[PDB]
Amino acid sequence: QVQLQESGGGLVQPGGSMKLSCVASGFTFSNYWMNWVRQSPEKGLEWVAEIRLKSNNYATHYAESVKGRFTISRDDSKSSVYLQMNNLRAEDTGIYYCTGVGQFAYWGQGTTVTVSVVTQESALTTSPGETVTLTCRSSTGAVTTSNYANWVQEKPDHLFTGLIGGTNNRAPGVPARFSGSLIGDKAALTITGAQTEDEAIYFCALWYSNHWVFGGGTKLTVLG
């Protein structure tokens, strides 16, 4: 198993400061960009920051909501990525994950921080051996391979793993029933013969030049 393990979360007062850590093991950490993504009590994922490689001089990008309050950094000889968070506010409350690789294959367990458009189907019901298709549409125009659509699965409850990256590339070890596509102007994920264990929320993410946007997630119920 690859492993990413976050730490440093907890309880903070508004105006407060917190630094999160994430340690990578079981793969070549320094060959990949890393990202922080946060979930939040309303369910739903928000990309927070990325950091690239040494050869890029460790260039970083942030979501506007956190720009100038958060800092992402990494230490390759430690297999670690960091998120320094200043001036927290109530709306920063959530579960934070470090995630990366092709492009969101791997996710940590999440660390909780309490401070105290991309369109998907809302919900779908299936059963084992049916085929189901989920779609991911962009309001800005057509989805293309330049959006590097990813699909990520959130099992009950807060267990994330990447299924698809680069539009139509299964991440390693992902079961063959998950199939990524571009169909007309949307990205899509097909489960070609659902199994009982596929009950989960399925999120897509698209790339827009220098940031990711995650869709709202599709809730998949599997009966039987």
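Position 1 is the first residue in the sequence shown; the rest follow in order.
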| field | Deposited residues omitted from coordinates between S116 and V117, as a class | value | 10 or more
| If you average the CA temperature factors over each stretch, which comes out higher, 37-45 or 192-200? | 37-45
| request: Select between 155-163 and 174-182 the stretch whose C-alpha atoms have the higher average B-factor in the entry. | output: 155-163
| query | Where does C22 sit by CA temperature factor within its chain: lowest, middle or highest third? | reply | middle
| note | Chain thirds by Cα B factor, record data; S77 belongs to the highest
| remark: Of the three thirds of the chain ranked by Cα temperature factor, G8 occupies the middle
| Once the chain's modelled residues are ordered by C-alpha B factor and cut into thirds, is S139 in the lowest, middle or highest one? | highest
| remark: Chain-relative C-alpha B factor for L220 (record values, thirds): the lowest
